[PDB]
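One structure below.
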Amino acid sequence: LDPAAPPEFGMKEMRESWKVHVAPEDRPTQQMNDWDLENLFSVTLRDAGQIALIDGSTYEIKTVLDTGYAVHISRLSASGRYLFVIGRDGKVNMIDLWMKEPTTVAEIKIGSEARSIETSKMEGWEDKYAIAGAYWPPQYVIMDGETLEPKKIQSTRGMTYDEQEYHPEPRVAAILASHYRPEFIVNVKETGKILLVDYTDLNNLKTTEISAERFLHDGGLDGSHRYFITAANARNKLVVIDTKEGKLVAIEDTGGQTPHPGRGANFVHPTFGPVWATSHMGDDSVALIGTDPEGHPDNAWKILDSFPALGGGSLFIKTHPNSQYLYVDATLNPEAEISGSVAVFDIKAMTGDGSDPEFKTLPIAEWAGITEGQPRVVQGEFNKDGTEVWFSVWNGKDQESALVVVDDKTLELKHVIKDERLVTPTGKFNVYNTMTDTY
Amino acid sequence: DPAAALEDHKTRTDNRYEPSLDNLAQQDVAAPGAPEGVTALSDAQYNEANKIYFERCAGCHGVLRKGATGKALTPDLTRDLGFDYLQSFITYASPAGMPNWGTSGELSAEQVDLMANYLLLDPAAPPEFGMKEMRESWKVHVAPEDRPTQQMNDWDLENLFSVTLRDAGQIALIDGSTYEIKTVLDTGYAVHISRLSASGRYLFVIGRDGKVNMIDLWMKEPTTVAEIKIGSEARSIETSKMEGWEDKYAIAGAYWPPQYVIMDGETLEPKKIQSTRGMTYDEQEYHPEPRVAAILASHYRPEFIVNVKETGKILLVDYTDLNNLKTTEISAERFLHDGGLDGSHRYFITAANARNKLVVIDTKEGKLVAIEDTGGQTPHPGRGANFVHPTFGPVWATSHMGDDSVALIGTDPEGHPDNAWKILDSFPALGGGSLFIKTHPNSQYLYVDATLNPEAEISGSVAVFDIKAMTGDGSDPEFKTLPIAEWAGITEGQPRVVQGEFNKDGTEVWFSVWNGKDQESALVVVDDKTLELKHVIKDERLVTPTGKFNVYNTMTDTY
Ligand code: DHE
Ligand code: DHE
Ligand code: HEM
C-alpha cells in the first residue's frame, strides 16, 4: 500500500506545546543554591523519563527531575547556568541551575522523533540561543536561550551532496556550536550536508551548506576548537570542517567499520602531536587522525594509526587534558564479559611505531556488583578537574543498574553509585566539560 | 454551501494570472486505490481528471493540493466535504486563465464528476528531477573550444531583440534598427523569457517545460550550442552579472520540482541543484511546493537573487563556491513574484503580489530594508521602471493587475532619505489588468500597458506619462493614450498589447500586439521622441509574440 506521510510539526504545534513555567524576570539574578554547579553531572534515567543531577565530588543525587521520555543528551548553556535536555519524543526541558531548587523553567516539543540539542558558544553570545534537531519531521529549530520561544524552524529536506537527488527524509544528527563564529554546526545525515548556521540574524539567515559525506552522525571539535571532525558512519569516513573558514578540509577512511566517536577524544600523541580519536561499532579498532596543520603539517588530517581495543560494539572513547589515559567501551558487544568492561590505553606509552598498544581491561560491571542480566557499560565522562571518570552500568528498568566512578590516576575503583531512583542510567554530562566542550 | 463558488471561483482580472501546469499535465499517471467510502476512477478517467487538474486548478491549489492562493484540497479535507459538495461547487466553474491560451474555466458535466471524484482520491506526487535526469537531458552541440573566438556575423548584437513566439515554442531574433527578423529558432515548447550573459555573447531561453537552451550570438548563423532540462515546469532564468564573473554561470528556477539549478555558463553542465521546499516565513509551517518565481543577478556581489513564492523567502546565493555553499535566506512576504533592481543596481524591489506589497532588499548588505503596501491591487512590475522624478528624486514604478494604479517608491536612501522606500505617489493609468511599466534613461516617458483589461479599447492601448511634467503635488498626472493595436491594423480577435521594451539607444520602444496562434499578431515600434508610430512588424512566422528583450538592455539591466 501507499505510505501515508506522518504529520508535520511546525510553529503552531511548537507554540502550543511551549510552556514557560518561570519567566526570566522571576528567576534569580545569581546562584541561590549552594551546589557546585560546574562539577555537577546530569545523568539520563532513560526509561523513567527523568534525569538525576549528581554532585561530582560527593556523588550525592542532588535532585531527580521529570523530563521527556528517554532523554538522549544533556547540554549546557555557555555560562553553565541553563541545562537543556531532549527526549527521543522531541520534548525539550530547560532547567535553571541557579534556582534554590532547580527545575524546568520552560519546555517545548520540537518534533516527533529527536536526538540532538545544543547551545550558542561563540564569545559574546552566551545564553542567547539553543537549537534542537529532529529525525522527524526533518528539521532543526533555533529557540530563545532564555525562554525556549521557537524563533526559526528550518527544514532539512533537500538534495544529496553527491548524486544530487532529492531526499524527503534527511534526519538531523549531531549539532555542535562554533567557537570561531556565531554559528551552529548541524549534521544532516541522509544528504551528507553539514550546515553552518549564523544566528546573528534569524530574519536574513546566512548559512553555509557544506557538501561532505552521507550518513553523518556524531562528532566533535579538535583541541583548538577550530575543526569539526565527524563520522559519516555507514561509509567508514571522518569528515573534517574548518569552522573559521567555513569549508570542507578533508574526508578520510578510518580503516575500521562504522566509526562512532561520540564527541571523540582529543589528546597530544607523544610522536604524532595533537590528534583526535574514535572507536567503532562495527569492529574493535581505534583510529587516530592528526589535527594540527600549523604545527604538524605532515600528519594533519591523516589517519596516523589504527589499533584494537576490547572488541566490536564500541560507542564512546574518552580522555581529558589532565589524564594520560584513553578509555574505550564496548557497549553493544554480544559477549557480556566484554560489554561489561572498558579498555584503557596509556597515551604516554604510545610510540606510533605501528605495533598495537597494550591496554588494561577494567571490569566495570563486575566492580558495580550486579547479579541479574548482562548490564552494558557505556560512555565515560570526566569530572571538572579531569581526575575521575564515570561510566554507566546500564541494566533493565526492572533490574539493578549503577554508575561506576574510576580514579583516573590509578585506574582503580573510586565509587559505585546505586539508588532505587537510578533507573536505566545512560548518558552522563559534567556541566563544566559540556559547557566548554572539553574532550 | 456550494453556492460560494460564485465568488470564490469568479473570474477576475487579477486572478486570471495563475500558473497553468500544462507541461506536467501531459505526464501519464496510474490511478490510485480508492479507500473505504470512495468510488475509484479507472486509469483513463483518473488520467483525464489529472490533466484538467494540472492545467486549471494546480496553479491556485497546488500540484500536491496543499494550497497556494486557493486553500488545500487534500483527501482528509475533501472527504469531509463529501462528493455532493464538491460536485455542486465545481459545477459553478473555475476562474479563467490567461488570454490567448489559458482555460475558459468551463467543464462538462462528466468532467465536473471526474474532478469531484479525483479530489477525493489520494494525489500522487509527480516525479522528482535530479542530477541523473538532468545529465541524461544535457547535450552540448558545439563544445566551447569549437565555437568562434570573435563575432563571425555582421549583426549589431547589442541592438538585437529576442522575441518569444509563445505557442510555437520559438524565438525570433530581430534587428533593432532595420526591424528585420534575422532568424527564428525552435526550442520545442513555449519559451517564457530570454536572458543575456553579461558579455552579451550568449542568449539563454527557458521553456515553460523546464528546457533550457543556450545560443551563441557570435556564430555566422546563431543556434543552440547547448541544452538541458532542469524540471517539469519552469519560468525563470538568469546569468551571472557580478563584474569578473561574466559568462561563468546561469541559473534556472522551477515550479516543479520546487528547485533552482546553477549551471556552467559555457556548457550548461548542471553544477548545483537546490530544493526550495521549506518553511513559510511568517507562520513557519512546512510547505511542500514553494515555487521559484523571478531570479535576478547581483551587481554588488557574485550572487543570484531567487524569489521563492509560497514561503515568502528571497534567497541570495553566492556562486563563488558551490561545494561550501553560502546563502542568505531572507524572510520577506508570501507570494513573491517579479521585481527589478533600482537605478543604482543595489536594491532589489519585488512584488509580493497577492498581498499588495513591495519588498526591498539591499543586495550589498544582504538584508531586507522595507516592505510597503502600494495602495493598489496586485502589483505586477515585471522588472519595473526606474527614473529620476523631477521633485521626488530617484524612484521605481509598478502598475497593477487588480486596478488602474501606478505607484512610485523612492529608491535613494542616501540622497533623498525621507522619500526612501515610501510610496510617494499613486495615480491612474488606462485601467486595470496592467502587466508592464517601462522607461529608459534617455526617455522622458513612462509607458504603462493594460493587457488583461476586459475592455478591448483599453487592452489594445498604452498610457504614456511625461516624467518632465510630473510635479508630485498630489494631483494625478495626465497621460497620452497610444492606440497600439489600432496602429498595427489587426481586425480578427481582440489582440492584447503587452510589454514595452526599448532599443539600445532608448530612442524607440516596442510593444507586442498579442493575438491567438491562428490569428494575426504584430510588434509595434513607437518613436519615443514624438510618441508617434514608427514601424509595424508583421510576418506569418510572428505567432503569439509576447516577451521582447533587447540584448543591451537585458545584459546591463537597464530599466
Ligand atoms: C544523533 C545522535 C547523537 C548526537 C546528539 C547531539 O549532537 O547532541 C547521539 C549521541 C548520544 C550520546 C552522547 C554522548 C556524548 O558524550 O556526547 C549518548 C549518551 C547517547 C546515548 C545512546 N544513543 Fe545516541 N543514538 C542515536 C542518535 C544520536 N545519539 C541513534 O539514532 C541511535 C543509533 C538509535 C536510536 O534509536 O536512538 C542511538 C543510540 C543510542 C543508545 O543506544 C544510547 C546508549 C542510549 C539511548 O537512549 O538510546 N547518544
Ligand atoms: C516567474 C515569472 C517571471 C519572471 C521571470 C524571470 O525572472 O526570469 C515572468 C516574467 C515574464 C515576462 C518578463 C518580462 C520582463 O520585462 O522582464 C514576460 C514578458 C512574461 C510573459 C507572460 N507570462 Fe510570465 N507568467 C508566469 C511566471 C513568470 N513570468 C506564470 O506563472 C504565468 C502567470 C502563467 C504561466 O503558467 O506561465 C505567466 C504568464 C505569462 C503570460 O501569459 C505572458 C503575458 C505571455 C507568455 O509568453 O506566456 N512573463
Ligand atoms: C479547477 C477546475 C479547480 C478545482 C477542481 C477547484 C476546487 C475547489 C474546491 C472544491 C473548493 C472548495 C473547497 C472548500 O470549500 O473547502 C475551492 C475553493 C477555492 N478555489 Fe478552487 N478550484 C479550481 C480552480 C481554482 C483556481 C484557478 C483558483 C485561483 C484563481 C481557485 C481559487 C479558489 C479559492 C479562492 C477558493 C475559496 C477558498 C479560498 O482559498 O479562499 N480555484 N476550489
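Letters for chains follow the order of the C-alpha cells (A, B, ...), residue numbers begin at 1 for each chain, and ligand numbers begin at 1 in the order shown.
With the cut-off set to 7 Å and only C-alpha atoms counted, chain A residues close to chain B are residues 10, 11, 153, 154, 155, 158, 159, 163, 164, 165, 166, 203, 204, 205, 206, 207, 208, 209, 210, 211 and 247 of chain A.
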Open item on the list: Distance limit 9 Å, reference ligand 3, atoms considered: only C-alpha atoms and all ligand atoms. Which residues make the cut? Give them as a PyMOL selection string.
Closed with: chain B and resi 1-2+4-5+7-12+14-20+52-61+67-73+77-78+81+85-90+93-97+105-107+112+115-116+118-119
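Distances from A:231, A:196, A:364, A:309 to ligand 1 were compared using only C-alpha atoms and all ligand atoms, and the smallest one belongs to A:231.
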TODO: Select, from B:117, B:159, B:103, B:461, the residue with the minimum atom-to-atom distance to residue B:31, counting only C-alpha atoms.
DONE: B:117
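Pairwise distance (atom CA of residue B:298, atom CA of residue B:228) equals 24.1 Å.
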